Amino acid sequence: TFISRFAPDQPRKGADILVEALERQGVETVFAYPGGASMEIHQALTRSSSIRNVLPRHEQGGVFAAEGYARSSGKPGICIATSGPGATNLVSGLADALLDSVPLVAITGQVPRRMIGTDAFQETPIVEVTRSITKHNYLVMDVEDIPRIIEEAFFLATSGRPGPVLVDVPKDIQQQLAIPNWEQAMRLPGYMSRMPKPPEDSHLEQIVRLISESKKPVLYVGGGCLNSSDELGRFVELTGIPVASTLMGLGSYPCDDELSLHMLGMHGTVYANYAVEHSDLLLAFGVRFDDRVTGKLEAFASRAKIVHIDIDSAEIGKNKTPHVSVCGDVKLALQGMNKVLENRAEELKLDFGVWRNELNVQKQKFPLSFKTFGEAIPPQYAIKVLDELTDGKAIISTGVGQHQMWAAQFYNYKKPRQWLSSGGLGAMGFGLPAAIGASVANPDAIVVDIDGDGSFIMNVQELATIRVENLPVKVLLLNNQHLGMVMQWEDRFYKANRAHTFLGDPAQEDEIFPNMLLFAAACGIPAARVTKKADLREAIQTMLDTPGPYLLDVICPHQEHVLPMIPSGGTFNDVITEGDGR
Amino acid sequence: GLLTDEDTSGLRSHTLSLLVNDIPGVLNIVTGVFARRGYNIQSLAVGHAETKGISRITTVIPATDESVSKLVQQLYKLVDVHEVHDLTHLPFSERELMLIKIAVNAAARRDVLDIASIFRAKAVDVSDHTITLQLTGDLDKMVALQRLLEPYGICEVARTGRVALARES
Amino acid sequence: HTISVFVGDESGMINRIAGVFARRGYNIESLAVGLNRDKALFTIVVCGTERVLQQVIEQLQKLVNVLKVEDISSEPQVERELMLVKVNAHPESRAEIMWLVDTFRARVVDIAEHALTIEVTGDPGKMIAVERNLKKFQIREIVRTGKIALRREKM
Amino acid sequence: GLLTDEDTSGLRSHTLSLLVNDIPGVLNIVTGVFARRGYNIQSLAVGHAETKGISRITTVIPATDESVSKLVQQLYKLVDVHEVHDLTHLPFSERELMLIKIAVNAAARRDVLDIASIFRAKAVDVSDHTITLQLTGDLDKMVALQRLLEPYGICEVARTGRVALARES
Amino acid sequence: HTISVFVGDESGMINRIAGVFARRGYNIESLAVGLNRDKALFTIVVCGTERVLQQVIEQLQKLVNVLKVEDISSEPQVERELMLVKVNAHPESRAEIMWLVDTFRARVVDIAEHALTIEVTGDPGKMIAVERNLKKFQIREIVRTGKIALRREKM
Ligand SMILES: Cc1cc2nc3c(=O)[nH]c(=O)nc-3n(C[C@H](O)[C@H](O)[C@H](O)COP(=O)(O)OP(=O)(O)OC[C@H]3O[C@@H](n4cnc5c(N)ncnc54)[C@H](O)[C@@H]3O)c2cc1C
Ligand SMILES: Cc1ncc(C[n+]2csc(CCOP(=O)(O)OP(=O)(O)O)c2C)c(N)n1
Ligand SMILES: [Mg+2]
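Residues numbered from 1 in each chain as written, not as in the entry; some residues may be left out. Chains lettered and ligands numbered in written order. Part of a larger assembly, values for the part shown. Heavy atoms only, no water. Residues with missing side-chain atoms left out of burial classes, pairs and counts.

For this coordinate set, the PDB header names cryo-EM as the determination method and states a resolution of 3.8 Å.

Of the residues lining the interface, 20 residues belong to chain A; the matching set on chain B comes to 16 residues. Summing both sides of the interface, chain A and chain B together bury roughly 1400 Å²; the carbon and sulfur share of this comes to 51%. For the interface between chain A and chain B, the tally reads zero salt bridges. (Contact = heavy atoms within 4.5 Å. Buried area = accessible area lost by both parts, 1.4 Å probe. Salt bridge = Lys/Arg side-chain N within 4 Å of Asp/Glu carboxyl O.)

Turning to the sheet that holds strand β8 (residues 131–135) of chain B, a few remarks are in order. Residues and elements named next belong to chain B. The four strands lie next to each other as β7-β8-β6-β9, forming an open sheet whose pairing is antiparallel. Two strands in the sheet have a free side with no partner beyond their single neighbour: β7 (125–126) and β9 (153–159). Pairing between strand β6 (residues 98–103) and β9: five bridges, direction antiparallel. When the sheet's bridge partners are listed, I102 is paired in β9 with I154. Packed onto the sheet, helix α3 (residues 106–118) meets β6, β7 and β8 and runs at close to 10 degrees relative to β8. (Pairing = 2+ DSSP bridges. Helix = DSSP H or I, 4+ residues; strand = E, 2+ residues; numbered from the N terminus. Axes fitted to C-alpha atoms, helices over the stretch in contact; angles between N-to-C directions.)

Turning to the coordination of the magnesium ion (ligand 3), a few remarks are in order. Residue and element names in this part refer to chain A. Of the protein atoms, only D453 (N) and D453 (OD) coordinate the magnesium ion (ligand 3), at distances of 2.1 Å. With six donor atoms in place around the magnesium ion (ligand 3) and angles of 60 to 145 degrees between them, the coordination shape is irregular. Following the sequence through the fold, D453 ends up in the loop between β15 (447–452) and α18 (455–458). (Donors = N, O, S within 2.8 Å, 3.2 Å for Na, K, Ca; no water. Tetrahedral: all angles 85-135°; square planar, octahedral: opposite > 155°, others 65-115°.)

Right, let's talk about the nonpolar core for a bit. Counting 84 residues, the largest nonpolar core has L219, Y220, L282 and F285 of chain A as the members making the most contacts within it. Viewed by domain, this core spans two of them, domain 2 (196–368 + 563–582) and domain 3 (369–562) of chain A, each represented by three or more residues. Dropping the residues within four chain positions of it, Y220 of chain A is found in contact with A244, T246, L264, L282, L283, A284, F285, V287, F289, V293 and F300 of chain A. Formed by 48 residues, the second largest nonpolar core is a distinct cluster that contains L75 and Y76 of chain B together with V33 and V66 of chain C. (Core = buried A, V, L, I, M, F, W, Y, C linked by side-chain atoms within 4.5 Å. Buried < 20%, exposed > 50% of the residue type's maximum accessible area, 1.4 Å probe, protein only. Domains from an automatic or database assignment.)

A few words on the arrangement of the chains. In this view chain A stays clear of chain D, with the nearest C-alpha atoms of the two still 40 Å from each other. No interface is formed between chain C and chain D, the nearest pair of C-alpha atoms being 16 Å apart.

Tracing the chain through its elements places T546 of chain A in the loop between α22 (533–543) and β17 (550–551). What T546 of chain A contacts, discounting residues up to four positions off in sequence, is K474 and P526 of chain A.

Here we come to empty space enclosed by the protein. Residues and elements named next belong to chain A. Taken as a whole, the largest cavity holds about 70 Å³ of empty space. Lining the largest cavity are 13 residues, with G265, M266, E277, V293 and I566 positioned closest to its centre. Here the residues of the lining of the largest cavity sort into six nonpolar, six polar and one charged. Computed from the structure, the second largest cavity encloses a volume of approximately 60 Å³. (1 Å grid on protein atoms, 1.4 Å probe; cavity = no way out; pocket = protein on both sides within 12 Å on 5 of 7 lines; lining within 4 Å. Points joined across faces, edges and corners; volume = space filled by probe spheres on them. Nonpolar A, V, L, I, M, F, W, Y, C, P; charged D, E, K, R; others polar.)

Residues and elements named next belong to chain A. When cut into domains, chain A gives domain 1 (1–195), domain 2 (196–368 + 563–582) and domain 3 (369–562). The distance between the C-alpha centroids of domain 1 and domain 3 comes to 31 Å. Contact with domain 1, which involves 27 residues of that partner, is made by 28 residues of domain 3. Here domain 1 and domain 3 share an interface that buries about 2000 Å² over both sides, 58% of which is from carbon and sulfur atoms. On the domain 1 side of the interface with domain 3, the three residues burying the most area are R57, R71 and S72, jointly 31% of the side's total. On inspection of domain 1 and its partner domain 3, the count reaches one salt bridge. Where domain 1 packs against domain 3, one counts nine residue pairs in polar contact. At the level of elements, β2 (29–32), β3 (52–53), α3 (59–70) and α5 (90–99) are the ones that each hand at least two residues to the side of domain 1 that touches domain 3. (Polar contact = N/O pair within 3.5 Å; in protein donor to acceptor, adjacent residues only side chain to side chain.)

Right, let's get into the interface of chain D and chain E. Facing 63 residues of chain D, the contacting portion of chain E comprises 55 residues. Of the roughly 5100 Å² buried where chain D meets chain E, counting both sides, 55% is carbon and sulfur surface. Broken down residue by residue, the surface that chain D buries against chain E is led by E50, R95 and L165 of chain D, which jointly contribute 11%. Summed over the shared surface of chain D and chain E, the number is six salt bridges. Taking the shortest distance from any N to any O, the salt bridge between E141 of chain E and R56 of chain D comes out at 2.8 Å. Where the side of chain D that touches chain E is concerned, the elements lending two or more residues are α1 (26–36), β2 (43–48), β3 (55–61), β5 (92–95), β6 (98–103), β8 (131–135), β9 (153–159) and β10 (163–166) of chain D. Sorting elements by how many residues they give to the side of chain D that touches chain E places β2 of chain D first, with six residues. In terms of residue class, the side of chain D that touches chain E is built from 20 nonpolar, 26 polar and 17 charged. Looking at chain direction, β2 of chain D and strand β2 (residues 28–33) of chain E are connected through two bridges and run antiparallel. In the sheet register, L44 of chain D faces β2 of chain E, and the bridge partner there is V33 of chain E.

UniProt marks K135 and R161 of chain A with the feature "binding site: (R)-imazaquin", using the numbering shown here. A compact arrangement is adopted by the annotated residues: their sequence extent is 27 residues, whereas the largest C-alpha distance between any two is 8.5 Å. Within the secondary structure, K135 of chain A sits in the loop between α6 (126–129) and β6 (136–139). Here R161 of chain A lies in the loop between α7 (146–158) and β7 (164–169). The class for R161 of chain A is buried, based on a relative accessible area of 10%. In this view, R161 of chain A contacts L98, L99, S101, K135, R288, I311, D312, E315 and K318 of chain A together with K77 of chain B; residues no more than four positions away in its chain are not counted. (UniProt positions renumbered as here; feature names shortened; annotations may be inferred.)

What follows is about the packing of helix α1 (residues 14–25) of chain A against helix α2 (residues 39–46) of chain A. Residues and elements named next belong to chain A. It is the contact of α1 with α2, at a shortest axis distance of 8 Å, that shows an interaxial angle of 60 degrees. It follows from the interaxial angle that α1 and α2 lie oblique. As α1 runs across α2, the sense of the crossing is right-handed. Contacts between α1 and α2 involve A15, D16, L18 and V19 from the former and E40, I41, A44 and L45 from the latter. Residues of the contact of α1 with α2, tallied by class, amount to six nonpolar, no polar and two charged. (Parallel < 35°, antiparallel > 145°, perpendicular 65-115°, else oblique. Left-handed = near helix turned anticlockwise from the far one by under 90°.)

Below, the discussion takes up the site of ligand 1. All names here are of chain A. Around ligand 1 sit 35 residues, and of these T246, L264, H267, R288 and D290 come closest. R161 is positioned such that a nitrogen or oxygen atom in its side chain is 3.5 Å from an oxygen atom of ligand 1. Between a nitrogen atom of ligand 1 and a main-chain N or O atom of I311, the distance comes to 3.1 Å. Burial of ligand 1 by the surrounding chains reaches 96%, relative to a free accessible area of 970 Å². Its residues assigned to classes, the shell around ligand 1 shows 14 nonpolar, 13 polar and eight charged. (Near = heavy atom within 4 Å. Areas by Shrake-Rupley, 256 points an atom, 1.4 Å probe, with all protein chains shown as cover.)

On to the site of ligand 2, then. Residue and element names in this part refer to chain A. The environment of ligand 2 is formed by 18 residues, the closest being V400, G426, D453, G454 and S455. Within the backbone of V400, an N or O atom sits 2.8 Å from an oxygen atom of ligand 2. Within the backbone of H482, one N or O atom sits 2.9 Å away from an oxygen atom of ligand 2. Taken by itself ligand 2 offers 580 Å² of open surface, and the protein chains cover 75% of this.

Before going further, it helps to spend a moment on a nonpolar patch on the surface. Nonpolar side chains collect at one region of the surface, where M186, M192 and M195 of chain A lie side by side and expose about 240 Å² of accessible area between them. Of note, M192 of chain A is situated in the loop between β8 (177–178) and α9 (205–211). (Patch = residues over 30% accessible without salt bridge, like charges linked within 9 Å, V, L, I, M, F, W, Y side chains within 5 Å.)

Residues and elements named next belong to chain A. Contact pair α1 / α7: the axes reach a minimum separation of 9 Å and the direction vectors enclose 30 degrees. As summarised for this structure, α1 and α7 are arranged roughly parallel, according to the angle between their axes. For the pair α1 and α7, the sense of crossing is right-handed. Taking contact as the criterion, the partners of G14, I17, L18, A21, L22 and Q25 in α1 are, on α7, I146, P147, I150, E151 and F154. Class assignment of the residues belonging to the contact of α1 with α7 gives a composition of eight nonpolar, two polar and one charged.

If you want it as structure tokens, here you go:
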């Protein structure tokens, strides 16, 4: 039973129909940059207290907060932008949630429907701009079918590969007064034809008929186990396969058990690449098999037999050819995998100690070491410092780049969605606004954050959102005055130059740029600035007890580079062995 | 530069019979996928299917069936697509009208309509400035007429693109 | 309210075109296009007023690849629309589709015992006949090309 | 030397409708008899009969019916022959297609298709180099067209040989 | 996988030809030939791979009388195959073979009260239609010539 804010037969502004239809899905936090054209929905918000406006400081910060609330809860996050230019700034985060497969909903105003696309004022035909980068768009032309498409949006947000749905409403639609006809069905006829049915064990038979055939398995898990809390851990409790977790799957397998292969691929852990490029059956639970993990299409575990479980039918065979393939919701089909294979628990193989012996001799022979050149803090140490101090579970946001994988390869994750990424979009500036939404998905819980020196700056505006919303974000700044990802891509691609990698001021290159203390002190937030390891455990000690938010500022050494890095279309033969910036 | 060019097929040339809703922008959501999958669309012809309220797009894509399997399920990722049918590995009707205006004189108009009588082209409109044929059938009969009407004073060949249904026979 | 578009050297020529009816919010009634290596002649009918038709004949020329847009509506056209209807070929009811494809004067390309396929061609007035008159027999799957127009040229 | 010659009949010219199995070499067992009985085979056209699994050969042999009675029972000495029918002393349909490519110019192509319109010859393929008729009917209409297309630039007359069934009328 | 053969002055020209598919063990799918006093144009489709097709286009030139063998398969051909079907002409079921010979557009040469004879001509796709579509009426005796091909010649 929905607690209706008003009468069920009140002909009112469509934003009232809209904002009730959000709470009728059961959502509680929006991100609503205010409306010179989406005006009524912020007005209809203010007559509600079940929904919360975390009003961002930028709409790209807003949609990344709508990312950050989505992929730190699993509830489909809702941004609201103003029409036109506000909606153009979603196009960042909508391109995140499609590539990162994140259930997002983007409500946005449009202009009057008598003025749509007329080269009008405050207009961007964003229903047609973001056609290529969302799961669905909407351009509703009546009040009576506003919650038709809204429940269809949250259908399309939850169902299939969970994508973003930009849902647009014209300004004169909410300024048109009509009655909410609530319970009408999903006008969604084609999507039910591939609304993915539960794949039964007869389809999973040729997985488990090949589990015993598998001598060298690997558990190539990723963003499809984003709902698998312990179901993947139950699966490895049943059969014991060494994992290979990607970035949206970092957390899914709690990466501190015996098969602790953190991240695989071209930038992963080199001993998980050894785990994946030596298998005879590449078992995959929810991965998109991209270029910067596979390297080559045909040589990425060429000696394996790919099985690949996805909710998305189109993903199956998209980047990588599968040997035998089965669709279906993984966490549902894992409950139809582990809770059915107990009849075969005395029948199945479990003979992977000779495969667990391969990783053990190559765990330490292929290590996760660093170079403490003097005392300039290895950030790869500083995240092993993090889980030494963050008391275990920590919901962590990241920007992207060299500092992205430093959280990946060097934090011991304990739960999916207690981790944020942009691996698909690879969005710089995603980090700190992802800490905004994570601090309302899991508000009281530890929302620690890390950001690079530019990606912190690239969305530094949403620092002001924190003090307004009292969020306890714990943001680290892995500063190196440098575009930290592509400076290694100078070296290992072509040349050891410094071609526009230097982010800092060349007049004060030895000094900090910019002064992130006086960033947080500008928005009144407490801050720090770290370069030495003695204060490193001290600063996080000051961080996790700080009331409300906290910033700090480690200094990454500007010439420190990460294994591995292959050119696109590569194998583990083409690994780099020790690449630095010196 | 007057006439549309010769033929709309290569070697690969897969045909996909889309079946989408009658959304006002539903073409742009569908060829939006052909663009965003890096496919040239060699020919396309949309129209309203048997259930009035949905559409039907018949496309021609130069892609091998490995890449088409990266499209038929990828076109399923669209919301409005009810079904796609890779007709190219099936026997299928391939009929396409082709309105060919040809500028002719009086005596040459005799030596055009006979060719139009060969192809069962109903010469839909004639003047003294010109005659406009309208032939229909497979694309080989389309390209045969245009290969044979290039000797004559052709004008705007307003074609329509390959339209298909897989025959049961 | 119909438009013929001639476009030049690009790929995804339709995406420029079918965008700028959707992003302009002006609905296409139908469309078809004979694409080639560099040339394509669209034929687009847009169910709008002549005022908004005057916009989109020039707003489609805000696109770059368009060599020519001509609103062909005012001319005496030849609107010819093909419709490869696949009809249920049950011989209890096939027996009258015989003349009811002879009336519309269309070939029948492929026949099965329960599915025959006809090739109705021409005036959309005659096409909406078949979409209604042959709807009285159970239709498997109508596929139809878009309405194509040309100038009935005299001087 | 391009065209096939004029006609496939003499005075005697018996026709035998064979009815043989669909053995892969079953033609060579049948014309093996026409050779080993010293018969020239004036025309022959094989094909699959009404029961899919058997064939049907329609032959033309210049032999009088005394010598044909030394063949119809002699063809019965073959194993695969189910029946032979001496159709020549019966009324029988005698239809034979005849694909006649003719090299023509533009104006002469007018003065060919009209002749093809006389014989109800569907001009199956046309170019500017040539036109290829396809007429069908009795062999007299076959030889009449080839006697009338020898004035034109004929090309490979890909005939098919007399095909027969004895009419019940 | 089809072959056109032009042969010279001998008798029993077919015996050289129909031998060297049997004695080579490579099955003919169909055959027909317009023999004359010295000339004959075979048209042989051999259901084999293009490798073994490459053999028999030259192994038939191991015969002496063959003036020319051309594998016509790669060309755009005109495969036209006649099929003088004699159909049971019962007027309860004759009444629909009327249009079902008009669809395939064939003359009907001789009619009796229980046996009519049609003359279906052309594409083997259209011929296997009649062999299936008119199989739904009781067929007395199909006789068919072999598929005949020619070059759709352009330069
Ligand atoms: C510069 C850079 C370098 C990188 N290097 C690497 C690397 O070396 N190795 C590596 O592994 N990653 C790397 N990444 C990250 C990588 O780009 C993404 O993590 C990966 O492409 C997407 O994650 P995923 O495929 O595992 O899951 P996602 O793509 O995020 O989603 C899982 C996939 O399976 C299916 N799925 C989605 N939802 C569900 C569901 N609810 N149930 C079942 N199935 C579902 C979907 O089809 C989806 O495609 C890098 C990223 C960047 C930006
Ligand atoms: C706007 C944008 N530009 C460029 C990139 C590609 N890119 C990702 S990270 C990166 C450099 C990394 O800098 P930063 O994100 O601040 O973290 P760092 O590794 O320097 O600590 C680049 C060039 C991107 N994802 N987004
Ligand atoms: Mg940085």
